[PDB]
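In what follows, a structure is listed as structure tokens, so that the remarks can point back to it.
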Amino acid sequence: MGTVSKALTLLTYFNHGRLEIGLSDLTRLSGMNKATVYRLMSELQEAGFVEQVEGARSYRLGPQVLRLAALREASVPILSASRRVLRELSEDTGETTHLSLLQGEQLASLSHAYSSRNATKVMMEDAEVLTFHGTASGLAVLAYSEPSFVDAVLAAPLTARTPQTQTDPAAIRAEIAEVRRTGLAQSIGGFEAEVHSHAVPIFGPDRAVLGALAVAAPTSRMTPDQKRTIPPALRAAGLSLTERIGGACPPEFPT
Amino acid sequence: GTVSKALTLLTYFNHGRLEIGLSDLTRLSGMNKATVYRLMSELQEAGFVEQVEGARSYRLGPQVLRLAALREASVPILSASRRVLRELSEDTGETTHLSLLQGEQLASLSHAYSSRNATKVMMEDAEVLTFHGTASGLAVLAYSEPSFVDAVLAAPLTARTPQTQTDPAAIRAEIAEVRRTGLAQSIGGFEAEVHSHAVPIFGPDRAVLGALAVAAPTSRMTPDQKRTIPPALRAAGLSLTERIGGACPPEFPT
């Protein structure tokens, strides 16, 4: 509760829905005196963290965070941040976990972890391309993608990798709506037969969907206890990863 | 101030120093170990710094990423540069980069590579450019306040390469030529055998906020490239300035 902590708390009130805040609104949101808020915001301004907007005593974020964000990206890339998340989730669920990222117009699994617990596991290879309609990861990404991107993906004929793969675009749109609503996607043998997957979307600093964090398990191990333990563990790990990359969830995502 | 002191500690991080120990940070800042430790723990609690996985060293925290995204939602300069950089690199066949004023320093924060040649000028984002040794630096000084130019030129100028111009009178002469033509050129002042062209980028208040540049090897600076790079770069620079709601001052030729 020191002066450095107080100043940095003021920055937390800025979000994509509130990019400019006036001195009076900052005073009301923070609970601090106007003079305290003014003094602290002046100190943040001299450091280039905040700046006064031309019209009235309003503040917006400053340009000196840009250099620091570039160094943070260099220090911890998304796949480096995923290593601990994937390791911990694999240990908690006893199943294979993987992070897939949007690489242009496709979704590619780029990092994974195996659990120590079971000898029979869902095996992966990095740079494996996942379908948008046949994987939980793909459905999680599609559900938070632009309507035009979803339209493009569903206009193109949908390949049936397995006899269980969803080929009906109306059925995929129905599933998308359920994932949008609950913030979690499930898929049983749409990419690989006898694999039950759970996935949550990963959002970047700009609130756009980056990819998905998933738990791949054999159908034979999808017990009532696992069906109820995997979703809270995966949701928590997804939010933890989003935090390690400075991501922000869109309003349409339930928390 | 304690806020300003804490944020000065973050300035010691650069692409060559992404991890710093408490002792090295004490050495670099000039503050007592206990002061550095208290300030860094306050930054750590806020997510601005964090302890490096295995080591007992410090690195930058994820909070700066969240704040840069909000800054970019307010002033979409690096997001707008992506398309401009890509197109200019394709047109010139050379590496293009946008550098922005980060307080008192000029940092390269976005770049693009051309697919044309296998050999190119390679970069890293957050690289600090000299005001006297780069075309980008000269473009920014030429449209900076006389007091800022005076400060930069009063401090002795380091020679990064044997070609770096270290005479302040010669730099002032070059600044005047950039102010007159709206474009800066520098041959091997930052990196040997690199010929770069740069134009200033302006904000809504008509103050320079950085520079857009084309970095090429000297061996590829042909008469045709010497003719083609300046019109293409000037156009790309104007395009970027207007996208961020910027305006050129009267002293800038169009």
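Protein sequences appear in the order of chains A and B. Note that the authors' numbering has the first sequence beginning at 1, numbered continuously upward. Note that the authors' numbering has the second sequence beginning at 2, numbered continuously upward. C-beta atoms are modelled at their ideal positions from N, C-alpha and C, and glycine is treated no differently.
In the DSSP assignment, what are the bridge partners of residue i?
i	result
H112/B	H98/B
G55/B	Answer by DSSP bridge pairing: none, since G55/B is not bridged.
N15/B	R18/B
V50/B	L61/B
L107/B	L102/B, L130/B
Find the residues of chain A that neighbour residue i, judging by a C-beta separation of less than 8 Å, and give them in chain order.
i	result
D126/B	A70, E73, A74
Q103/B	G48, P63, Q64, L66, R67
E192/B	Result: empty, since nearest Cβ-Cβ is about 20 Å, beyond 8 Å.
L110/B	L66, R67, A70
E43/B	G2, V4, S5, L8
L79/B	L66
Suppose the cutoff is 8 Å on Cβ atoms and the five residues either side in sequence are ignored; what does the same chain contact list for residue i look like?
i	result
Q166/A	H133, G134, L158, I172, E175, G190
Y13/A	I21, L26, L29, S30
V150/B	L142, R173, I176
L44/A	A7, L10, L11, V50, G62
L130/B	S100, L107, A108, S109, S137, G138, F191
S111/A	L79, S82, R83, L86, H98, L99, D126
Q164/A	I188, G189, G190, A193
Can you name, in chain order, every residue of its own chain whose Cβ lies under 6 Å from the Cβ of residue i, other than the five neighbours on each side?
i	result
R83/B	none
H196/A	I188, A217, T219, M222
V122/B	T96, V195, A216
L234/B	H198, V200, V215
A185/B	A136, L139, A140, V179, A199
Given residue i, which residues of its chain have a CB within under 7 Å of its CB, disregarding the five upstream and five downstream residues?
i	result
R117/B	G94
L210/B	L101, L102, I202, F203, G204
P254/B	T182, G183
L40/A	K6, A7, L10
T120/A	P218
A35/B	none
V153/A	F132, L142
List the residues of chain B that residue i touches, going by C-beta distances under 9 Å, in chain order.
i	result
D25/A	Simply none; closest approach about 16 Å.
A185/A	In chain order: nothing, as chain B lies at least about 25 Å away.
Strictly below 8 Å CB to CB, what residues from chain D border residue i?
i	result
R84/B	The structure shown has no chain D; the protein chains it does contain are A and B.
Residues of chain A with CB closer than 9 Å to the CB of residue i, please, in chain order.
i	result
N33/B	Chain A residues near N33/B: none, gap ~16 Å exceeds 9 Å.
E146/B	Near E146/B there are no residues of chain A at all, since even the closest Cβ is about 17 Å away, more than 9 Å.
Just to make sure I have the definition right: I need the residues of chain A whose C-beta is within less than 7 Å of the C-beta of residue i. Which are they?
i	result
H16/B	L71, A74
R244/B	The contacting residues do not exist; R244/B stays about 16 Å from chain A at best.
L19/B	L71, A74, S75
Note down, in chain order, every chain B residue with its Cβ under 7 Å from the Cβ of residue i.
i	result
residue 265/A	Absent from the structure is residue 265/A, since the part of chain A shown begins at 1 and ends at 255.
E91/A	The contacting residues do not exist; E91/A stays about 17 Å from chain B at best.
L11/A	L68
residue 257/A	Beyond the ends of chain A as shown, which are 1 and 255, falls residue 257/A; an answer cannot be given.
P231/A	Per Cβ cutoff of 7 Å: no residues; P231/A is ~25 Å from chain B at best.
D206/A	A70
Strictly below 8 Å CB to CB, what residues from chain B border residue i?
i	result
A7/A	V4
Just to confirm the assignment: which complete beta strand (DSSP E) runs, minimum length 3, are found wholly within the region 173 to 238 of chain B? 185 to 188, 195 to 203, 209 to 218
Mind the definition here: the region 172 to 181 of chain B touches the region 213 to 221 of chain B only if three or more C-beta pairs lie below 8 Å; say whether that holds. no
Sufficient close CB pairs (3 or more, under 8 Å) joining the region 94 to 105 of chain B to the region 100 to 117 of chain A: no
If contact is defined by three or more beta carbon pairs under 8 Å, each pair taking one atom from either stretch, is the region 72 to 84 of chain A in contact with the region 51 to 70 of chain B? Yes, the region 51 to 70 of chain B is in contact with the region 72 to 84 of chain A.
Does the region 237 to 249 of chain B come close enough to the region 196 to 205 of chain B that 3 or more CB-CB pairs lie under 8 Å? yes
Could you say if the region 13 to 24 of chain B and the region 222 to 239 of chain A meet the contact criterion of at least three C-beta pairs nearer than 8 Å? no
Can you check the region 126 to 166 of chain A for any alpha helix (DSSP H) of at least 4 residues that lies completely inside it and give the ranges in chain order? 136 to 142, 147 to 155
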